[PDB]
file query-v9.cif (mmCIF, C-alpha atoms)
data_coords
#
loop_
_atom_site.group_PDB
_atom_site.id
_atom_site.type_symbol
_atom_site.label_atom_id
_atom_site.label_comp_id
_atom_site.auth_asym_id
_atom_site.auth_seq_id
_atom_site.Cartn_x
_atom_site.Cartn_y
_atom_site.Cartn_z
ATOM 1 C CA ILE A 819 6.068 33.725 11.288
ATOM 2 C CA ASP A 820 3.468 34.402 8.605
ATOM 3 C CA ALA A 821 5.152 31.828 6.381
ATOM 4 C CA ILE A 822 5.253 29.099 9.005
ATOM 5 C CA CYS A 823 1.625 29.712 9.920
ATOM 6 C CA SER A 824 0.745 29.512 6.235
ATOM 7 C CA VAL A 825 2.446 26.122 6.008
ATOM 8 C CA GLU A 826 0.569 24.836 9.027
ATOM 9 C CA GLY A 827 -2.696 26.105 7.572
ATOM 10 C CA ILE A 828 -2.228 24.446 4.202
ATOM 11 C CA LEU A 829 -1.488 21.274 6.127
ATOM 12 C CA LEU A 830 -4.645 21.561 8.223
ATOM 13 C CA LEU A 831 -6.558 22.013 4.989
ATOM 14 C CA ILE A 832 -6.127 18.453 3.734
ATOM 15 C CA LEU A 833 -5.987 16.572 7.033
ATOM 16 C CA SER A 834 -8.399 16.230 9.936
ATOM 17 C CA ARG A 835 -11.579 16.434 7.836
ATOM 18 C CA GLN A 836 -13.803 18.295 10.283
ATOM 19 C CA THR A 837 -12.037 21.653 10.185
ATOM 20 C CA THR A 838 -12.205 23.072 6.679
ATOM 21 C CA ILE A 839 -15.541 24.041 5.148
ATOM 22 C CA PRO A 840 -15.085 27.344 3.260
ATOM 23 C CA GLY A 841 -17.898 27.130 0.727
ATOM 24 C CA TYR A 842 -17.836 23.770 -1.048
ATOM 25 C CA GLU A 843 -17.370 20.868 1.383
ATOM 26 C CA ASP A 844 -17.832 18.498 -1.568
ATOM 27 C CA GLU A 845 -14.726 18.579 -3.743
ATOM 28 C CA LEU A 846 -12.728 18.948 -0.549
ATOM 29 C CA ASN A 847 -14.346 15.644 0.365
ATOM 30 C CA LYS A 848 -13.356 14.350 -3.062
ATOM 31 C CA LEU A 849 -9.756 15.376 -2.370
ATOM 32 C CA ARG A 850 -9.546 13.893 1.122
ATOM 33 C CA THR A 851 -10.367 10.460 -0.274
ATOM 34 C CA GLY A 852 -6.892 8.980 -0.177
ATOM 35 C CA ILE A 853 -5.907 9.383 3.460
ATOM 36 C CA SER A 854 -7.594 6.011 4.027
ATOM 37 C CA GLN A 855 -8.917 6.853 7.484
ATOM 38 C CA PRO A 856 -10.715 9.634 9.381
ATOM 39 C CA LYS A 857 -7.637 9.851 11.623
ATOM 40 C CA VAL A 858 -3.990 10.109 10.607
ATOM 41 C CA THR A 859 -0.986 8.688 12.417
ATOM 42 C CA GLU A 860 1.697 11.044 13.662
ATOM 43 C CA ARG A 861 4.717 10.000 11.599
ATOM 44 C CA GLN A 862 2.628 10.447 8.468
ATOM 45 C CA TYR A 863 1.793 13.965 9.646
ATOM 46 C CA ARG A 864 5.408 14.807 10.415
ATOM 47 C CA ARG A 865 6.719 13.527 7.107
ATOM 48 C CA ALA A 866 3.964 15.403 5.289
ATOM 49 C CA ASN B 242 6.192 10.309 -2.448
ATOM 50 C CA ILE B 243 4.042 11.946 0.246
ATOM 51 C CA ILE B 244 1.819 9.210 1.695
ATOM 52 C CA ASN B 245 3.847 6.356 3.139
ATOM 53 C CA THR B 246 1.415 3.512 2.598
ATOM 54 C CA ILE B 247 2.156 0.014 1.362
ATOM 55 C CA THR B 248 -0.066 -0.185 -1.705
ATOM 56 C CA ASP B 249 -0.606 -2.430 -4.711
ATOM 57 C CA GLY B 250 -0.164 -0.516 -7.935
ATOM 58 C CA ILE B 251 -1.860 2.877 -8.150
ATOM 59 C CA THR B 252 -4.989 3.822 -6.202
ATOM 60 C CA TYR B 253 -6.273 7.255 -5.174
ATOM 61 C CA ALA B 254 -2.932 7.987 -3.584
ATOM 62 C CA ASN B 255 -1.161 9.348 -6.603
ATOM 63 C CA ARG B 256 -4.327 11.321 -7.276
ATOM 64 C CA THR B 257 -4.261 12.887 -3.821
ATOM 65 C CA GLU B 258 -0.539 13.582 -4.094
ATOM 66 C CA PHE B 259 -0.998 15.124 -7.531
ATOM 67 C CA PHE B 260 -3.759 17.371 -6.233
ATOM 68 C CA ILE B 261 -1.573 18.558 -3.375
ATOM 69 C CA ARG B 262 1.350 19.434 -5.574
ATOM 70 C CA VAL B 263 -0.568 21.249 -8.303
ATOM 71 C CA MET B 264 -2.396 23.089 -5.531
ATOM 72 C CA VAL B 265 0.781 24.229 -3.819
ATOM 73 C CA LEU B 266 2.093 25.238 -7.211
ATOM 74 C CA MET B 267 -0.828 27.525 -7.961
ATOM 75 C CA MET B 268 -0.869 28.945 -4.445
ATOM 76 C CA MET B 269 2.662 30.143 -5.120
ATOM 77 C CA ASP B 270 4.056 31.804 -8.233
ATOM 78 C CA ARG B 271 2.275 35.060 -8.939
ATOM 79 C CA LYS B 272 2.630 36.272 -12.519
ATOM 80 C CA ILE B 273 1.105 39.080 -14.556
ATOM 81 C CA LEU B 274 0.734 38.874 -18.295
ATOM 82 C CA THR B 275 2.387 41.258 -20.736
ATOM 83 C CA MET B 276 1.695 40.903 -24.440
ATOM 84 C CA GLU B 277 2.443 42.708 -27.690
ATOM 85 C CA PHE B 278 0.072 43.860 -30.398
ATOM 86 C CA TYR B 279 -0.036 44.546 -34.128
ATOM 87 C CA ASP B 280 -1.683 47.150 -36.360
ATOM 88 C CA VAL B 281 -4.376 45.288 -38.298
ATOM 89 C CA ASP B 282 -6.677 47.681 -40.154
ATOM 90 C CA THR B 283 -9.706 46.174 -41.893
ATOM 91 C CA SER B 284 -8.038 43.281 -43.715
ATOM 92 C CA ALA B 285 -9.891 40.957 -41.333
ATOM 93 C CA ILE B 286 -13.149 41.437 -43.172
ATOM 94 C CA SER B 287 -16.710 40.319 -42.440
ATOM 95 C CA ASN B 288 -15.561 38.733 -39.176
ATOM 96 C CA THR B 289 -16.921 40.816 -36.335
ATOM 97 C CA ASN C 194 -0.416 -33.248 -3.321
ATOM 98 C CA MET C 195 0.449 -29.614 -3.685
ATOM 99 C CA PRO C 196 -1.795 -27.150 -5.504
ATOM 100 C CA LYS C 197 -0.574 -24.857 -8.250
ATOM 101 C CA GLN C 198 -0.538 -21.065 -8.295
ATOM 102 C CA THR C 199 -1.871 -19.552 -11.512
ATOM 103 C CA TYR C 200 -2.605 -15.902 -12.311
ATOM 104 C CA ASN C 201 0.256 -14.340 -10.353
ATOM 105 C CA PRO C 202 -1.192 -11.205 -8.724
ATOM 106 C CA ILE C 203 0.709 -8.249 -7.330
ATOM 107 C CA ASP C 204 1.858 -8.800 -3.762
ATOM 108 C CA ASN C 205 3.427 -5.572 -2.534
ATOM 109 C CA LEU C 206 2.011 -6.312 0.916
ATOM 110 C CA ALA C 207 1.623 -10.084 0.969
ATOM 111 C CA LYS C 208 5.368 -10.314 1.607
ATOM 112 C CA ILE C 209 4.751 -8.309 4.795
ATOM 113 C CA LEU C 210 1.389 -9.600 6.041
ATOM 114 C CA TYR C 211 1.060 -13.242 4.989
ATOM 115 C CA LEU C 212 4.244 -14.897 3.691
ATOM 116 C CA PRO C 213 5.847 -15.188 7.145
ATOM 117 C CA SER C 214 2.705 -16.917 8.387
ATOM 118 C CA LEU C 215 1.043 -18.642 5.454
ATOM 119 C CA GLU C 216 3.972 -20.948 4.824
ATOM 120 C CA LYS C 217 3.909 -22.118 8.448
ATOM 121 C CA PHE C 218 0.420 -23.492 7.775
ATOM 122 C CA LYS C 219 0.930 -24.159 4.096
ATOM 123 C CA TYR C 220 -1.540 -26.565 2.542
ATOM 124 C CA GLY C 221 -0.199 -29.994 3.374
ATOM 125 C CA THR C 222 0.685 -30.150 7.057
ATOM 126 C CA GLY C 223 -0.605 -32.977 9.182
ATOM 127 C CA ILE C 224 0.068 -31.731 12.694
ATOM 128 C CA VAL C 225 1.030 -28.348 14.072
ATOM 129 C CA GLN C 226 2.143 -28.496 17.683
ATOM 130 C CA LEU C 227 3.313 -25.986 20.270
ATOM 131 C CA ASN C 228 6.874 -26.245 21.495
ATOM 132 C CA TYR C 229 9.475 -24.367 23.428
ATOM 133 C CA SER C 230 11.744 -22.267 21.336
ATOM 134 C CA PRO C 231 15.449 -22.531 20.771
ATOM 135 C CA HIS C 232 17.304 -20.533 23.437
ATOM 136 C CA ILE C 233 15.109 -22.416 25.929
ATOM 137 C CA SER C 234 15.156 -25.976 24.615
ATOM 138 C CA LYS C 235 18.916 -25.624 24.944
ATOM 139 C CA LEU C 236 18.415 -25.260 28.694
ATOM 140 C CA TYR C 237 17.221 -28.880 28.887
ATOM 141 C CA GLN C 238 20.478 -30.756 29.339
ATOM 142 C CA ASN C 239 20.985 -34.393 30.312
ATOM 143 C CA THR C 240 23.848 -34.542 32.817
ATOM 144 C CA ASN C 241 22.189 -33.361 36.018
ATOM 145 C CA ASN C 242 24.605 -31.217 37.973
ATOM 146 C CA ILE C 243 22.604 -28.901 40.142
ATOM 147 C CA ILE C 244 20.900 -31.802 41.893
ATOM 148 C CA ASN C 245 22.862 -34.980 42.481
ATOM 149 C CA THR C 246 20.915 -38.183 41.919
ATOM 150 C CA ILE C 247 21.664 -41.874 42.345
ATOM 151 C CA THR C 248 20.774 -43.090 38.850
ATOM 152 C CA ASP C 249 22.049 -42.903 35.284
ATOM 153 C CA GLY C 250 18.975 -41.850 33.395
ATOM 154 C CA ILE C 251 16.684 -39.038 32.425
ATOM 155 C CA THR C 252 14.882 -39.032 35.760
ATOM 156 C CA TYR C 253 12.754 -36.246 37.245
ATOM 157 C CA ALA C 254 15.868 -34.382 38.356
ATOM 158 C CA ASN C 255 16.229 -33.335 34.732
ATOM 159 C CA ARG C 256 12.839 -31.642 34.803
ATOM 160 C CA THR C 257 13.679 -30.081 38.155
ATOM 161 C CA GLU C 258 16.973 -28.492 37.171
ATOM 162 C CA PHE C 259 15.343 -27.412 33.937
ATOM 163 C CA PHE C 260 12.819 -25.529 36.040
ATOM 164 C CA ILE C 261 15.595 -23.977 38.097
ATOM 165 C CA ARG C 262 17.458 -22.616 35.102
ATOM 166 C CA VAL C 263 14.500 -20.990 33.366
ATOM 167 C CA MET C 264 13.301 -19.610 36.684
ATOM 168 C CA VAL C 265 16.575 -17.878 37.423
ATOM 169 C CA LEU C 266 16.574 -16.606 33.843
ATOM 170 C CA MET C 267 13.161 -14.995 34.266
ATOM 171 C CA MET C 268 14.382 -13.509 37.537
ATOM 172 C CA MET C 269 16.781 -11.602 35.300
ATOM 173 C CA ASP C 270 15.782 -10.602 31.760
ATOM 174 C CA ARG C 271 14.388 -7.141 32.268
ATOM 175 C CA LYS C 272 13.713 -6.144 28.673
ATOM 176 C CA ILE C 273 11.603 -3.455 27.049
ATOM 177 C CA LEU C 274 9.961 -3.991 23.681
ATOM 178 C CA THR C 275 10.253 -1.143 21.203
ATOM 179 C CA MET C 276 9.442 -1.226 17.513
ATOM 180 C CA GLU C 277 8.380 0.827 14.512
ATOM 181 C CA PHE C 278 5.479 0.156 12.185
ATOM 182 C CA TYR C 279 4.440 0.269 8.576
ATOM 183 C CA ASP C 280 1.182 1.927 7.581
ATOM 184 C CA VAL C 281 -1.145 0.057 5.252
ATOM 185 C CA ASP C 282 -4.585 0.500 3.756
ATOM 186 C CA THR C 283 -7.695 -0.773 5.512
ATOM 187 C CA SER C 284 -10.362 -0.747 2.792
ATOM 188 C CA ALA C 285 -8.328 -3.058 0.542
ATOM 189 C CA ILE C 286 -8.090 -5.716 3.252
ATOM 190 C CA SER C 287 -10.443 -8.638 3.717
ATOM 191 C CA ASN C 288 -10.131 -9.241 7.446
ATOM 192 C CA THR C 289 -11.498 -6.472 9.628
ATOM 193 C CA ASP D 1059 -5.980 6.253 -34.703
ATOM 194 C CA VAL D 1060 -5.658 2.576 -35.494
ATOM 195 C CA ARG D 1061 -1.873 2.684 -35.647
ATOM 196 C CA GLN D 1062 -1.592 3.265 -31.890
ATOM 197 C CA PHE D 1063 -4.590 1.455 -30.452
ATOM 198 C CA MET D 1064 -2.252 -0.704 -28.406
ATOM 199 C CA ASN D 1065 -3.680 -1.828 -25.088
ATOM 200 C CA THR D 1066 -2.338 -4.930 -23.354
ATOM 201 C CA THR D 1067 -3.921 -6.247 -20.154
ATOM 202 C CA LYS D 1068 -5.187 -9.816 -19.757
ATOM 203 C CA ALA D 1069 -8.672 -9.792 -18.232
ATOM 204 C CA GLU D 1070 -7.358 -12.160 -15.557
ATOM 205 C CA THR D 1071 -5.478 -9.371 -13.789
ATOM 206 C CA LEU D 1072 -8.448 -7.106 -14.351
ATOM 207 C CA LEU D 1073 -10.522 -9.565 -12.356
ATOM 208 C CA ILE D 1074 -8.089 -10.592 -9.591
ATOM 209 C CA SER D 1075 -7.288 -7.326 -7.823
ATOM 210 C CA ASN D 1076 -7.666 -5.616 -4.451
ATOM 211 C CA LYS D 1077 -10.808 -3.562 -5.037
ATOM 212 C CA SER D 1078 -8.886 -0.309 -5.404
ATOM 213 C CA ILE D 1079 -6.090 -0.728 -7.921
ATOM 214 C CA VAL D 1080 -7.367 1.793 -10.444
ATOM 215 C CA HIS D 1081 -5.669 1.095 -13.753
ATOM 216 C CA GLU D 1082 -5.677 2.133 -17.378
ATOM 217 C CA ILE D 1083 -7.865 1.090 -20.292
ATOM 218 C CA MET D 1084 -7.823 2.261 -23.899
ATOM 219 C CA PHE D 1085 -10.856 2.857 -26.079
ATOM 220 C CA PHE D 1086 -11.026 2.895 -29.856
ATOM 221 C CA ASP D 1087 -13.640 4.731 -31.905
ATOM 222 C CA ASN D 1088 -14.651 4.325 -35.527
ATOM 223 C CA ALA D 1089 -18.211 5.630 -35.779
ATOM 224 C CA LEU D 1090 -17.218 7.633 -38.872
ATOM 225 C CA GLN D 1091 -15.751 4.620 -40.623
ATOM 226 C CA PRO D 1092 -14.956 5.453 -44.255
ATOM 227 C CA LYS D 1093 -15.909 2.859 -46.851
ATOM 228 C CA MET D 1094 -13.223 0.308 -47.585
ATOM 229 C CA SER D 1095 -11.354 0.185 -50.872
ATOM 230 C CA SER D 1096 -13.026 -0.888 -54.097
ATOM 231 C CA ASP D 1097 -11.086 -4.152 -54.035
ATOM 232 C CA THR D 1098 -11.688 -5.968 -50.747
ATOM 233 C CA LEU D 1099 -13.593 -9.131 -51.662
ATOM 234 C CA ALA D 1100 -15.641 -9.736 -48.513
ATOM 235 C CA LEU D 1101 -14.844 -8.964 -44.875
ATOM 236 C CA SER D 1102 -15.033 -12.519 -43.536
ATOM 237 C CA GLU D 1103 -13.071 -11.874 -40.340
ATOM 238 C CA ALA D 1104 -14.352 -11.687 -36.764
ATOM 239 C CA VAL D 1105 -13.262 -8.813 -34.523
ATOM 240 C CA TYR D 1106 -15.121 -9.669 -31.314
#
call {"tool": "encode", "arguments": {"input": "query-v9.cif", "output": "structure tokens"}}
result
Amino acid sequence: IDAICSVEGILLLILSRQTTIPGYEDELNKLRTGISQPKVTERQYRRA
Amino acid sequence: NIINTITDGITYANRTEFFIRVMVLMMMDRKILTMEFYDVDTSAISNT
Amino acid sequence: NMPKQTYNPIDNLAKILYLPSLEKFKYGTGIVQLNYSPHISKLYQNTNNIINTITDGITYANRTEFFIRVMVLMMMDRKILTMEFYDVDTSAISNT
Amino acid sequence: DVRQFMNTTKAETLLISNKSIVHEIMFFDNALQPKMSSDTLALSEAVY
């Protein structure tokens, strides 16, 4: 269960912008540029 | 390979993908470094 | 007079967004009119046999039986539309 | 390194794009250009 939660957490990290803000909030923003929209469709999420 | 979008050439998407994969690489794969030394005396002169 | 296409760009999404349309209104059409589709235009026969009529022509009875057929079709034809989708960019698109 | 300053892209395609098609460009450098041989008559060639 720790492993599956870790997977889900890594996934949360780079989707759904307004969740992750550890200490930088800037290069994370740099990263997120590429999802093309501040909302992601499901099938994209599932395949990811 | 990770973001199913119909695109024209290369644009921010390969960059995002590349970030994800190098990230997930470094998150995994713990290693600790073991090296091997010599016995140099003072031959290495004048160079502190 | 057709125009020429120079400077061939990359079209990895034109073939999904435009090409099916753009050629229907390609530069050089005089009129574009609305019509019934095949699979319905075939319901418009000549020999009227749902409604006998004393004439040998294309009289109103044609229109009437044509109504009857499409009406009883639409009585039936319970269909459900299902479909998948692509996912494209939105910043690299002119139309909003 | 003049022997591999190969870079082929007609400015047409550079100009007709889709506003995010990020692509490659090369860049030479010769600021430390050594004097030419003691034979060359006169460099009468344009390198715009």
call {"tool": "residues_around", "arguments": {"input": "query-v9.cif", "residues": "segment 830-843 of chain A", "least_positions_apart": "3", "cutoff": "10 Å", "atoms": "all atoms listed in the file", "output": "list in words"}}
result
residues 824, 825, 826, 827, 846, 847, 848, 849, 850, 851, 853, 855, 856, 857, 858 and 863 of chain A; 257 and 261 of chain B
call {"tool": "atom_distance", "arguments": {"input": "query-v9.cif", "atom1": "atom CA of residue 866 of chain A", "atom2": "atom CA of residue 242 of chain B"}}
result
9.5 Å
call {"tool": "interface_residues", "arguments": {"input": "query-v9.cif", "of": "chain C", "to": "chain B", "cutoff": "7 Å", "atoms": "all atoms listed in the file", "output": "MDAnalysis selection string"}}
result
chainID C and resid 203:206 280:282
call {"tool": "atom_distance", "arguments": {"input": "query-v9.cif", "atom1": "atom CA of residue 862 of chain A", "atom2": "atom CA of residue 243 of chain B"}}
result
8.5 Å
call {"tool": "atom_distance", "arguments": {"input": "query-v9.cif", "atom1": "atom CA of residue 233 of chain C", "atom2": "atom CA of residue 217 of chain C"}}
result
20.8 Å
call {"tool": "interface_residues", "arguments": {"input": "query-v9.cif", "of": "chain C", "to": "chain A", "cutoff": "12 Å", "atoms": "all atoms listed in the file", "output": "list in words"}}
result
residues 277, 278, 279, 280, 281, 282, 283, 284, 285 and 286 of chain C
call {"tool": "build_atoms", "arguments": {"input": "query-v9.cif", "residues": "segment 1078-1093 of chain D", "atoms": "N, CA, C and O atoms", "output": "mmCIF file, in the frame of the given file"}}
result
data_model
loop_
_atom_site.group_PDB
_atom_site.id
_atom_site.type_symbol
_atom_site.label_atom_id
_atom_site.label_comp_id
_atom_site.auth_asym_id
_atom_site.auth_seq_id
_atom_site.Cartn_x
_atom_site.Cartn_y
_atom_site.Cartn_z
ATOM 1 N N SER D 1078 -9.249 -1.685 -5.072
ATOM 2 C CA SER D 1078 -8.886 -0.309 -5.404
ATOM 3 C C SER D 1078 -7.465 -0.373 -5.956
ATOM 4 O O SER D 1078 -6.490 -0.286 -5.211
ATOM 5 N N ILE D 1079 -7.371 -0.564 -7.261
ATOM 6 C CA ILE D 1079 -6.090 -0.728 -7.921
ATOM 7 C C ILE D 1079 -6.103 0.085 -9.202
ATOM 8 O O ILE D 1079 -5.389 -0.237 -10.156
ATOM 9 N N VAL D 1080 -6.894 1.158 -9.218
ATOM 10 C CA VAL D 1080 -7.367 1.793 -10.444
ATOM 11 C C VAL D 1080 -6.303 1.836 -11.528
ATOM 12 O O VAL D 1080 -5.180 2.298 -11.307
ATOM 13 N N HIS D 1081 -6.647 1.332 -12.709
ATOM 14 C CA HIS D 1081 -5.669 1.095 -13.753
ATOM 15 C C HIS D 1081 -6.239 1.559 -15.081
ATOM 16 O O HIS D 1081 -7.388 1.995 -15.170
ATOM 17 N N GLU D 1082 -5.422 1.462 -16.117
ATOM 18 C CA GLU D 1082 -5.677 2.133 -17.378
ATOM 19 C C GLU D 1082 -6.375 1.208 -18.363
ATOM 20 O O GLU D 1082 -6.126 0.003 -18.397
ATOM 21 N N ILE D 1083 -7.237 1.799 -19.187
ATOM 22 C CA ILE D 1083 -7.865 1.090 -20.292
ATOM 23 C C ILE D 1083 -7.911 2.032 -21.482
ATOM 24 O O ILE D 1083 -8.124 3.235 -21.326
ATOM 25 N N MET D 1084 -7.692 1.491 -22.673
ATOM 26 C CA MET D 1084 -7.823 2.261 -23.899
ATOM 27 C C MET D 1084 -9.205 2.064 -24.501
ATOM 28 O O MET D 1084 -9.959 1.172 -24.117
ATOM 29 N N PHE D 1085 -9.539 2.923 -25.456
ATOM 30 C CA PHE D 1085 -10.856 2.857 -26.079
ATOM 31 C C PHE D 1085 -10.774 3.383 -27.498
ATOM 32 O O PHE D 1085 -10.521 4.575 -27.708
ATOM 33 N N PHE D 1086 -11.008 2.505 -28.462
ATOM 34 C CA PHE D 1086 -11.026 2.895 -29.856
ATOM 35 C C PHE D 1086 -12.334 3.603 -30.182
ATOM 36 O O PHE D 1086 -13.245 3.693 -29.360
ATOM 37 N N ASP D 1087 -12.416 4.123 -31.403
ATOM 38 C CA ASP D 1087 -13.640 4.731 -31.905
ATOM 39 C C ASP D 1087 -13.566 4.763 -33.419
ATOM 40 O O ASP D 1087 -12.561 5.202 -33.981
ATOM 41 N N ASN D 1088 -14.629 4.307 -34.075
ATOM 42 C CA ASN D 1088 -14.651 4.325 -35.527
ATOM 43 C C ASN D 1088 -16.037 4.618 -36.070
ATOM 44 O O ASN D 1088 -16.388 4.147 -37.154
ATOM 45 N N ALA D 1089 -16.843 5.388 -35.340
ATOM 46 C CA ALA D 1089 -18.211 5.630 -35.779
ATOM 47 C C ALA D 1089 -18.272 6.260 -37.161
ATOM 48 O O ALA D 1089 -19.235 6.024 -37.895
ATOM 49 N N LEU D 1090 -17.279 7.052 -37.534
ATOM 50 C CA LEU D 1090 -17.218 7.633 -38.872
ATOM 51 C C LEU D 1090 -16.307 6.803 -39.772
ATOM 52 O O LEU D 1090 -15.326 7.291 -40.318
ATOM 53 N N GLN D 1091 -16.645 5.534 -39.925
ATOM 54 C CA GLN D 1091 -15.751 4.620 -40.623
ATOM 55 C C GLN D 1091 -15.878 4.765 -42.130
ATOM 56 O O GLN D 1091 -16.905 4.388 -42.703
ATOM 57 N N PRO D 1092 -14.864 5.294 -42.805
ATOM 58 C CA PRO D 1092 -14.956 5.453 -44.255
ATOM 59 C C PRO D 1092 -15.038 4.106 -44.942
ATOM 60 O O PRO D 1092 -14.461 3.122 -44.481
ATOM 61 N N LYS D 1093 -15.762 4.073 -46.058
ATOM 62 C CA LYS D 1093 -15.909 2.859 -46.851
ATOM 63 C C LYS D 1093 -14.557 2.262 -47.189
ATOM 64 O O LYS D 1093 -13.581 2.990 -47.382
#
